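Please find one structure pasted underneath; my questions will follow.
Labels run A, B, C, D, E, F and G following the written order; every chain starts at residue 1.
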Amino acid sequence: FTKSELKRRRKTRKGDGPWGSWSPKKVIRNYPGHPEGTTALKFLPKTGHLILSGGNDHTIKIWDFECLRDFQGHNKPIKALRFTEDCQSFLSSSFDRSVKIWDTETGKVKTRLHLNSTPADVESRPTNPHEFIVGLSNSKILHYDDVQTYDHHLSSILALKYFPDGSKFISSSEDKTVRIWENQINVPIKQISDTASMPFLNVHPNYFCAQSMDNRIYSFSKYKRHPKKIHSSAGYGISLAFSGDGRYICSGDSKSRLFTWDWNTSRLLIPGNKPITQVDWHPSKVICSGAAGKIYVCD
Amino acid sequence: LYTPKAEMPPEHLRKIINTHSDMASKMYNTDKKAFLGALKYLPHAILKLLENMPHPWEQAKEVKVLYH
Amino acid sequence: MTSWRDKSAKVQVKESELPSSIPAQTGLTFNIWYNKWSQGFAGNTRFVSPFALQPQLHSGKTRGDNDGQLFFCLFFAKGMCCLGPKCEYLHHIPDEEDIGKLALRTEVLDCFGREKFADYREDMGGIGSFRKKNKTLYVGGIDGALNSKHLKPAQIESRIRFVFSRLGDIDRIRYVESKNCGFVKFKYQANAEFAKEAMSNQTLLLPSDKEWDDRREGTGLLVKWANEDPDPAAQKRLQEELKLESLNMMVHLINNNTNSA
Amino acid sequence: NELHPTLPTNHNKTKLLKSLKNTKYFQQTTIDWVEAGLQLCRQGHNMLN
Amino acid sequence: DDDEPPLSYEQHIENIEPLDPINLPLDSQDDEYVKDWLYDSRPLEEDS
Amino acid sequence: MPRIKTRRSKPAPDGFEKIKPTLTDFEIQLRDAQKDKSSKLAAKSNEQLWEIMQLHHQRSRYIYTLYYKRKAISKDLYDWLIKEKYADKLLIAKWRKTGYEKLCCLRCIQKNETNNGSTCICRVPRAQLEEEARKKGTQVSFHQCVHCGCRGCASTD
Amino acid sequence: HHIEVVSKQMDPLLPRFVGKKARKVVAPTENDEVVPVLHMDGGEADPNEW
């Protein structure tokens, strides 16, 4: 071999050389920039690139999983936010007694849902129904065509979920009863009252739902913890994440109900201010919204 | 034909000890025998650590180590 | 060639998608030396494998094809190999070219490289014995694998015929409705060794089936080594093929004495 | 100690750290003292457990 | 506490400034020959 | 003299503030490399040890090319970087030799680590490995050495 | 075949002699030749005194 050849053959390597070729949960990052407390978080299912987070300031800020865009247009605190899968439409609902649709393409309000008595706290959207389920202090689930009003338990409905098969609508309220709803007949399929105020519900991505109360978190088709004092997210691995008002973050495996790890987040630059308001997981990451006004990513 | 010992980086030792926290895989079956057969050598490692303890006029002390 | 040598091997499971190394909890405390649970009552401790080999899909060139590897990837057969095309072992169904390389090596260890044993394990599972060139698999546990679907008797056998045919040349397949088990015999021992680890703890659910969402909840099917066939219709077959093997060896052996003289 | 001297024998040429340095299974670096104390507590806990 | 593990050197110890050690002030007119090198780790190590 | 900025430690010379953003990027990658990424494979776990030995090499090539190749930093700054362990004194001391120009690391030339009295095979030129494999009729079976994942440190390639 | 026999550098922490256990073995007897028990013949008369 000649020196001009060996000079040429060493440029065949993909790197420069010597390495060029011849051929538990922890807090990764925190995000600032919300003026008041972030009530709800929504994630884009199609890519997972951006998160839409509601705030007490009533603005909706889209964050890259940097701040991409800001969505105004509510008078009062946004309490829930949902992102559709088949359609490029975002459904936000706030304390202003209105359910407002958002076209992701142009970033403009297209429609407003009416006839709610009092402030909407929840929004759930199935792709296959082509319907939106909104629940409130009104205590009755409203099935809105993107029509059916479910006369329900007396107390205000904290959470709502929608599944494709029967017992489609799942409802939870502060009276501590959980009802599985048959929407076509419009009557209850089943009443689960094992909770003693249900503050959260998460649907496993096993056909089952996690039910959370103040001291006991239960799974319906029972989790062992010390007293945790009140949001739930189910990872695809089957891990169950529990938010605490005491800032303690309770992580459990759903199959055994054993709680593997508990961690407490640092507050900010008051002690009571540090809860976790809402939490979600991407389509190996956990995105949690604190009421102090910071979103922290967990890896 | 003797060259002296090669003076590894500090992070090379540091990655190994972090990796051997949760020895649950089948790959650690040989290394568990290495932890178990090193216990007779542990009193010698305590004598070498305590004799090189920092004196009160020192903030910190870099010591030269040998590690499995 | 067109199915295998044209493409490269692909990553079956991402390394984050790989299962946890600790087993499912059947006890009170975890044991660090013996990676198991200690203060526990019991457990079935057998579960359906989450992964499966798509043989025409996942097969391809690997790093061991260029290196001249003799041995097949174990986690290719389980459908679990995270390395993909960077893996030191082979990623394809055994062929007559592949087993001819293993011909000196197959006497003591399997196609995966694992060393065989003097006598079989008590329940006829595991790697195998070197004293018997066993080419027949006991397909058991079909009730758990099916998820308890009735499925008739002929249909269960037809499922065994479809899945095990992708894993190599088959000598015969016999299904026994009364014993609820099947016996699959391959042309080569290396295909039986590959298909034993491939179809251990698998299902037969065939996703057009109603259960396909509950394939994970079941027990799983047992593929273990088979015993001798007790009927004299096949016993007489065994001494006939042993006779033909002996005459094929004496011709090879008198030529060794012809060279020796 | 003055009354009973225990003299050292000269043929002890094999010291422990010197004979482990000759083996390929031991490597050398320099780290902090408090770092080396925290490792030996973690390693020695891993030995007894 | 015996429940908390020995906390790691790098996440906790290495990022911080240490503290001042025990050092007598070493008056300059009376201690001028030793005050430059008295509290070293190895005093006068690189002085040939 | 230590790595930690103690009060016995000497303040850095003049040219340090120009090269400090380049040395911080090596320093945060070494903190992310030691992060205990839990991996069950032995093939993947040493590959994470291989990434640290690459970053130790690349941080020392940078200080080597500043002072010896391009003469861009003073000798007083370069002695400060060795005393503060920014650069490997004994690995740079091999790059100055003629056969060891692009040396993979100090471990891959130790004759006592190996079962033979030999260097690592990444010290061998690639054209030599192609020639011996050509006679066997196979492709070369070496990809990455087990010590730090090198792919050839020979000065000719 | 001329075959160089070398020793492996043992890890000082792994147990040397990995096949060495404290087990018990019964040994067979190698009896190739019978040893003749070469007594003399037979002062063999004895009353009931013993």
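In this text, a residue touches a chain if its C-beta (ideal position, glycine included) is under 8 Å from a C-beta of that chain, and two chains touch if they have at least 3 such contacts.
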{"item": "For chain A and chain G, chains touching each", "value": "F"}
{"item": "Remotest chain, chain C as reference, centres from CA atoms", "value": "E"}
{"item": "Which two chains share the largest set of C-beta contact pairs", "value": "B-D"}
{"item": "Chain B-chain G separation of Cα centroids, rounded to whole Å", "value": "46"}
{"item": "Rounded Å distance between chain A and chain B, as computed from the means of their C-alpha atoms", "value": "45"}
{"item": "Gap in Å, rounded to a whole number, between the CA centres of chain D and chain B", "value": "10"}
{"item": "Rounded Å distance between chain E and chain F, as computed from the means of their C-alpha atoms", "value": "31"}
{"item": "Residues of chain G touching at least two other chains", "value": "9, 11, 13"}
{"item": "Numbers and ranges of chain A residues touching at least 2 other chains", "value": "none"}
{"item": "Contacts with two or more other chains, residues of chain B listed in rising order", "value": "5-10, 12, 14, 18, 23, 25, 38, 41, 58-62, 68"}
{"item": "All touching chain pairs, where touch follows the definition stated at the start", "value": "A-C, A-F, B-C, B-D, B-E, B-F, B-G, C-F, D-E, D-F, D-G, E-F, F-G"}
{"item": "Touch list for chain B against partner chain G, complex", "value": "30, 33-34, 37-38, 41, 68"}
{"item": "Partner chain C, residues of chain A touching it in the complex", "value": "207, 255-256, 258, 284"}
{"item": "Chain D contact footprint on chain B (complex, rising order)", "value": "5-10, 12-13, 17, 20, 23, 35-36, 38-39, 41-42, 44-46, 48-49, 52-54, 60-68"}
{"item": "Contacting residues of chain F [partner chain E, same complex]", "value": "1, 4-8, 31, 34"}
{"item": "Parts of chain G lying in touch with chain D, wherever the complex brings them together", "value": "9, 11-13"}
